[PDB]
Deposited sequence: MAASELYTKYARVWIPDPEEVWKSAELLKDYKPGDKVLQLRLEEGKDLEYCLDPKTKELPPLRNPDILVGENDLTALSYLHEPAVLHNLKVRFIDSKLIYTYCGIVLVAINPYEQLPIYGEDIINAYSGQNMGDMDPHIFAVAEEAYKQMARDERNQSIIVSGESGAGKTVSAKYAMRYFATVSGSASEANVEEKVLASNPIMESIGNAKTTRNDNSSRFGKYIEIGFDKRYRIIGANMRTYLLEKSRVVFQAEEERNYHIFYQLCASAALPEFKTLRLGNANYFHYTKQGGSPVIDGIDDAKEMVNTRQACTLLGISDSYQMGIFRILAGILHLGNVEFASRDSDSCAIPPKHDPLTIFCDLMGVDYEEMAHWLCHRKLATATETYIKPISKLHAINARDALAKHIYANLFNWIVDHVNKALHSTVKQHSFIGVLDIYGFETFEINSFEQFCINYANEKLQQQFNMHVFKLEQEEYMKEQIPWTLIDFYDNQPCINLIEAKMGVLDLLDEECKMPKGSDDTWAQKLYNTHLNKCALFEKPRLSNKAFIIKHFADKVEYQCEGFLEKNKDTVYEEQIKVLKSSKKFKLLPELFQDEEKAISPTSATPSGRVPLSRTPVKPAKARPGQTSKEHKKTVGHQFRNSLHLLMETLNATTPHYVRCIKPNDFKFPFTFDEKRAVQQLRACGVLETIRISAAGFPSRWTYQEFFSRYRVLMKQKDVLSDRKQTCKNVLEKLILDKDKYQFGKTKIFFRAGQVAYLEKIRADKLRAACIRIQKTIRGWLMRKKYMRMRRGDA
């Protein structure tokens, strides 16, 4: 059939994930082994797994390889995408490629001359599909659809940390700035980009896999007037990792700003703050990773403070922030000592607490009282040791969340426009599927968000397919929608994973182990998106969009608790030495429920727009210039929806030629008589003869829609012809010239 001699395939390879091979002999049906040839010649007999009898994936013919859009490819499968993106990247320095409505951006780790003014103009006023893919092309489409529909735009930039999401945004702005009119004293771009050091200090952290990871969603809204011109911006934050403020796991730090504070401790202006090094404070020591190789946390502070200066946080208020963060840090070290009748108390004249109360300006004794006591409403009651600690962390977390919101509100003031705003284009800078070896609550949250976002995207694509299918008059009921609501529901419905977790939390005796069993009782077997490790009773598995993810129940309950004692907040609200500390503040709250809230808030915002998609990708793990690791790449695609999106696409009719295009490349397959005066009609006649099964394509107003592998087949028979025609002429010339060589040597010419 299609696996003939000389046709090539991709087989697995420990080094490069996939490796090319050629068939030495035609694959005969029922055969057990193929006969293949590798990168060093003919050597190997590939064994077919007896249980599936399945064959290795096929390679696309060269004329389809290197294209601007992956869906152009006939055999659309993991190696095909992986190869095709490799050759563009490595052999043509091309970092941008489309996957349908998606723009894939591979981090080059080398500055390129493709971002200057000349190139901006060239994309200005063109159609997306008539210009080489670029972040600029995605910008232009947004600015276009804006007016053409009186509709705000969201550009959604996703990818692992360090894939270049931040850089992609930075250039989508510049476009929008340059192609609008420009504002004088605004030059909005510059102000916003100065915001970055701030947001990165309070919102980014070192993790086990990344030195500078954003543990939140940033959404910069770009504001536009009635005459479509850049006037101002508006930052919106979401999905913040509150847990990280009081817990770290091995080789991970708390948010940067804390470390840019300890390293700046022996400085004069920061002596009231009274800070040791990072091993001192509980809320910065837990990971064991105090310093990031190649960063002077102190010089980053200098830059941090400088950026605050640029956005108009008055030096006074700057000390306002650092002071609150010092206290959170001292707060952390407040130790509790258990006393009679399951209660506690703070050791006499406690160094940490004294410094906490001094900085905040509140009565030592009023606070010490309320750290260990609770208002059961109106009888005072003691709290156990563990409840005091949960509540201390609840307060550390609460404060941070507010101080974080405060900074965003006042960064905003510097990015706000007096001029009224007609419309906006907002760029979302968010994460994608996280998946370490050990997965916890933090990851669970992230991939939950990503299931919300990949649902909007799924829908969007489905509506655009319909529209396109109608424009060409093709039965609109040939588009199977893949619905990821069951998974969302497993996570966020009642009796779901976050709900059971929120129940087990308000149980006094509750634990991770009982929550694990409640998940099994409720879900194991009743639902196919949920599984259980065979040799654990402390871990579950969810089958998310892209892949399966084994979470580990250890830690879930404590991370998820976030109940702040009303009394402890009042003590802080009632301050008279600190203008900022009151300014922050205006059954049983929980990190998970909170996360959920922010999540829904975000999907609203985003559903009141038409979204655009840029998937960023890190190709290698050592910041190397144009270097493509196949192992990293393939990881990065999976946890990016890409390969799955494509998995869906290849189910329908992903190939799409116009009758003119088909006709050109395939005039040569046609018998001279078959050709007609009506070229459209001609194609209809030829393609029904060359490819039989009529379920393998559909005929539209201006285009033929092909099933996967079909154009490949056209290009095989077209190849078979021209090959058999050449071998003919060749063997002839080989003979003509051998006899000419004879006739000479016959008459002693040597």
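Enquirer: Could you give the ranges of the deposited sequence that carry no C-alpha coordinates?
Expert: Residues lacking C-alpha coordinates: 1-4, 382-385, 595-631.
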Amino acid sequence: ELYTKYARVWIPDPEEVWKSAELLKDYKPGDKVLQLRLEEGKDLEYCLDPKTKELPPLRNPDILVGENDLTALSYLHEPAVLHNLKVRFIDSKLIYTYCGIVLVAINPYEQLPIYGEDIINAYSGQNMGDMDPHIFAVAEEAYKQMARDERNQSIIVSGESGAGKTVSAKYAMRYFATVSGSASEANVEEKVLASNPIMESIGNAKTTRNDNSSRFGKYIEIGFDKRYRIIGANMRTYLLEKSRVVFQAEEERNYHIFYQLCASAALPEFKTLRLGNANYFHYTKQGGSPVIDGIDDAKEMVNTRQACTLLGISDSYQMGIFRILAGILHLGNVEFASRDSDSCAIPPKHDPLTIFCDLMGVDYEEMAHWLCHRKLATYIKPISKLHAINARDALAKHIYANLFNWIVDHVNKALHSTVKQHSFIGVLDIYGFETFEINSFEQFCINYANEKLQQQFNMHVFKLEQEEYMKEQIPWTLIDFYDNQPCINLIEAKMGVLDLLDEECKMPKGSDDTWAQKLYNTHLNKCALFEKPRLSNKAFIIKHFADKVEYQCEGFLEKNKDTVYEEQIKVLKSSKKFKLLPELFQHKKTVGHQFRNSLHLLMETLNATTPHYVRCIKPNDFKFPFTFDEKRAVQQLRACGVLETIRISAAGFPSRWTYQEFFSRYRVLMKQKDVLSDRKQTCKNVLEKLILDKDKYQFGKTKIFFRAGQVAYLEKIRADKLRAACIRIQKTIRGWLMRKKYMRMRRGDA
From here on, numbers count along this sequence of modelled residues.
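Enquirer: Which of the two stretches, 269-277 or 216-224, shows the higher mean Cα temperature factor in the record?
Expert: For C-alpha atoms only, the mean B-factor is higher in 269-277.
Enquirer: On mean Cα temperature factor in this entry, is 343-351 or 593-601 the higher one?
Expert: Stretch with the higher mean C-alpha B-factor: 343-351.
Enquirer: In the PDB entry, which of 650, 606, 519, 179 has its C-alpha at the highest B-factor?
Expert: Out of 650, 606, 519, 179, the record gives the largest C-alpha B-factor to 179.
Enquirer: Considering only 367, 459, 488, 640, which residue's Cα atom bears the greatest B-factor as recorded?
Expert: It is 367.
Enquirer: Pull the Cα B-factor of residue 322 out of the PDB entry and bin it into the chain's lowest, middle or highest third.
Expert: For residue 322, whose C-alpha B-factor we compare with every modelled residue in the chain, the answer is the middle third.
Enquirer: Please say which third, lowest, middle or highest, residue 133 falls into when its CA temperature factor is compared across its chain.
Expert: For residue 133, the deposited C-alpha B-factor lands in the lowest third.
Enquirer: If you rank the chain by CA B-factor, which third does residue 644 end up in: lowest, middle or highest?
Expert: For residue 644, the deposited C-alpha B-factor lands in the middle third.
Enquirer: For the chain shown, is the CA B-factor of residue 330 in the lowest, middle or highest third of its modelled residues?
Expert: For residue 330, the deposited C-alpha B-factor lands in the middle third.
Enquirer: Compare the C-alpha B factor of residue 654 with those of the other modelled residues in its chain, then answer lowest, middle or highest third.
Expert: As the PDB entry reports it, the C-alpha B-factor of residue 654 lands in the middle third of its chain.
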